[PDB]
């Protein structure tokens, strides 16, 4: 029937068991109440009240906040309380383009309910009623959605790259796409959602890109993050998202957005058109 359930799935959250995470007056995240109690034991770094986890006012540069929090995080992971840092840092801000207030390891970003950013590419051939999309199948080794269907290229956004630089890098690593082609991809908007995830809250923003590819281009799984790739008619992709749960949870949203922008979904007959569009903006 409708794409609405996929959109609602990605926007399902209950903030009642969480407290605001605040830096210099600005809410940057959400921390579970029990976890907030564990942070309270590190009172040189966190000031914890009934309504908030506040970073210490003694940490007033991004760099000193980054370092102090990283040390507490390392300790908490040692104790089995939060996921182990893996070394990729994310920026902590109130929205994209606002100042970076500190950096936090990607592995604990949902643990602090911090906004996360990523880039997703729609790699396609053909035109109009004859569009074909390259779909990746994720490695069985992926911690999240192993074996599930994916965009041709997609990745989280590290703190130290622009969106375009990260896109170029992910394109090379995941799909063996030449930089010349990654640079031809056009930005086509963004999706925002907020969901409760296994280890916290994910208020995520996906920056979306379209690329019309050469007929003789074949993506190749260079870094092994993808197990393989398939070239499918756009209608198959759209109908698969409508009728199955084959795609990675947030890739469902990127497919719906692609279908809207490319006229594969029509407001004269699509169930729940307006509610779908509203929910892709979070």
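Numbering follows the first chain given and starts at 1.
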property: Mean C-alpha B-factor comparison - 67-75 and 114-122, higher one; result: 67-75
property: Entry-level comparison of average CA B-factors, 249-257 and 22-30, reporting the higher stretch; result: 22-30
property: Out of 128, 80, 187, 155, highest CA B-factor residue; result: 128
property: Residue, from 213, 237, 226, 36, that the PDB entry assigns the highest Cα B-factor; result: 226
property: Chain third (lowest, middle, highest) by recorded CA B-factor, residue given as residue 271; result: highest
property: Ranked against its chain, the third holding the CA B-factor of residue 7; result: middle
property: Third of the chain, ranked by Cα B-factor, where residue 231 sits; result: lowest
property: Entry-reported Cα temperature factor of residue 196, expressed as the chain third it lands in; result: middle
property: Residue 174 - Cα temperature factor, lowest/middle/highest third of chain; result: middle
